[PDB]
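In what follows, a structure is listed as structure tokens, so that the remarks can point back to it.
The chains referred to below are lettered A, B, ... by the order of the sequence lines, with proteins before strands, and numbering in each begins at 1. Hydrogens, waters and symmetry mates play no part in the numbers below; they use all other heavy atoms, side chains included. Counting starts at 1 for both ligands and their atoms, following the listed order.
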Protein chains: 2
Amino acid sequence: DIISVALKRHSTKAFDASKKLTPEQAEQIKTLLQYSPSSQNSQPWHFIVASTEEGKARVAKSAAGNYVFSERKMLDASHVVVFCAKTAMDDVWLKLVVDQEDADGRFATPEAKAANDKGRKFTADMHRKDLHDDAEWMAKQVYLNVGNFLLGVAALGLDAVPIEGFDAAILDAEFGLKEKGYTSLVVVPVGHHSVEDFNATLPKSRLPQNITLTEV
Amino acid sequence: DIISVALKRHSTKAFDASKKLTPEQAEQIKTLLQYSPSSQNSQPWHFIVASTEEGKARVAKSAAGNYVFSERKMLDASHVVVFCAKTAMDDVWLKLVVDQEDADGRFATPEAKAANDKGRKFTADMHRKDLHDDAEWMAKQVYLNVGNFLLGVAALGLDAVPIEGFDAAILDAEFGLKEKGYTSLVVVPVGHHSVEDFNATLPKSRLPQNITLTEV
Ligand SMILES: Cc1cc2nc3c(=O)[nH]c(=O)nc-3n(C[C@H](O)[C@H](O)[C@H](O)COP(=O)(O)O)c2cc1C
Ligand SMILES: Cc1cc2nc3c(=O)[nH]c(=O)nc-3n(C[C@H](O)[C@H](O)[C@H](O)COP(=O)(O)O)c2cc1C
């Protein structure tokens, strides 16, 4: 029951480092990252999946200064996903996407492929050339991916925590992201919570719908 | 299982106007909106859930003329959700959130409540004063909610499509959002697809993980 999943999931504050994802689960989480929807299927993202001691430690360099409380979550979880956005939308990426759709069998005719490409270029250009908000627009798609991911990992019976509390400059530098064309946005440790996870037992809290939700 | 859901769900291109959500389903989609996570539990959002014909017509006004194909989808779906972000994170809202957390029993002591409020204020202030990205930060939380929602509604057996193809200035004006401190970001019609939904039977397409995903 997905509503049950949504109501029971929580942000894990402490992970049991001994409780790893199964091999299948580790593939499932990668599938969830890949299959998120995004505007124009633009998929403007890269993921770093850290599963080794060394790899997790590299990500954990970002939990410095104001962000030290994030460090243990990054080290102790089984798998840690760094969600990254492209820093600019380029035509090469646009072509990549449409060619992949063609390879996958989405276009019956050259005309259909060309109309798809034109539409995607129009939208991408509106953001980059006119609104000058392509970096934000791409970042929004990445956050959508995060939302899909958190629900999906809960539905697999896995714990996770989304983290904005990290130093993206440190994380980008550690992985050479800027030169590759990406920037780190959200870190999501995934695994199984320990008995020290005080948030596992605390009540969920949300604003009432009478504040947030209008029916018409 | 949730991976089946992720692999089978799609953006619906055409809705069967006769197929309405059940009352239970209409409550469930509200539950999904409310229970999404967000940075600091800041919940910087408002939802407009249009289920009457008049209501849906008000939302569909935003697509008139320039977003014709969008317009039809918003009219035909059972329930149409407008995802809105706050335009500023005011201290009233910060207090609302922490007081709600208190009401729900998340704090053992006044000290714990005060530390929570201080933390949230610090984050909000960093975005507003230093990063100059508070509107974007809130908008990102709203996109995360959308991601959660799309997977959740698919897992309920419902069809949907996320839509950026609408005129947010028009939608904002129609509902007086600017003065209320909100702006429209994404519209999500929800219901059941019709036989005209050509996308229901097309293969999904995503870039290969060898492009988008690095393991370490
Ligand atoms: C984008 C995002 C960033 C977050 N950053 C952090 C963080 O740095 N550290 C942390 O412990 N919790 C973090 N949280 C967890 C939130 O506090 C949490 O989602 C919210 O209080 C709702 O509780 P729940 O996730 O248990 O439903 C983050 C949440 C989101 C969605
Ligand atoms: C934020 C967002 C905005 C979108 N806007 C539109 C839109 O205005 N019209 C439309 O037909 N599809 C829209 N799409 C659907 C995407 O094209 C679709 O998600 C993508 O091609 C992946 O296909 P799937 O959703 O079937 O998995 C949007 C998707 C997202 C995530």
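- For B:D16, the side chain to side chain contact (heavy atoms under 4.5 Å, CB included) partners at least two apart in sequence or on another chain are B:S18, B:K19, B:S194.
- Put simply, CG on B:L156 and CD on B:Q28 are 5.0 Å apart, with the number rounded to the nearest 0.5 Å.
- Between B:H193 and B:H10, a ring centre-to-centre spacing shorter than 6.0 Å is recorded.
- Residues satisfying the ring pair (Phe, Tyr, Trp, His ring centres under 6.0 Å) criterion with A:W93, sequence neighbours excluded, are absent altogether.
- With sequence neighbours excluded, the residues forming a side chain to side chain contact (heavy atoms under 4.5 Å, CB included) with B:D76 are B:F15, B:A17, B:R72, listed by chain and number.
- Near ligand 2, A:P37, A:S38, A:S39, A:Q40, A:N41, A:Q141, A:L144, B:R9, B:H10, B:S11, B:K13, B:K73, B:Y143, B:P162, B:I163, B:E164, B:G165, B:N199, B:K204, B:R206 each place a heavy atom less than 4.0 angstrom from the ligand.
- Partner of A:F83 under the ring pair (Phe, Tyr, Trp, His ring centres under 6.0 Å) criterion, chosen from A:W45, A:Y143, A:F149: A:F149.
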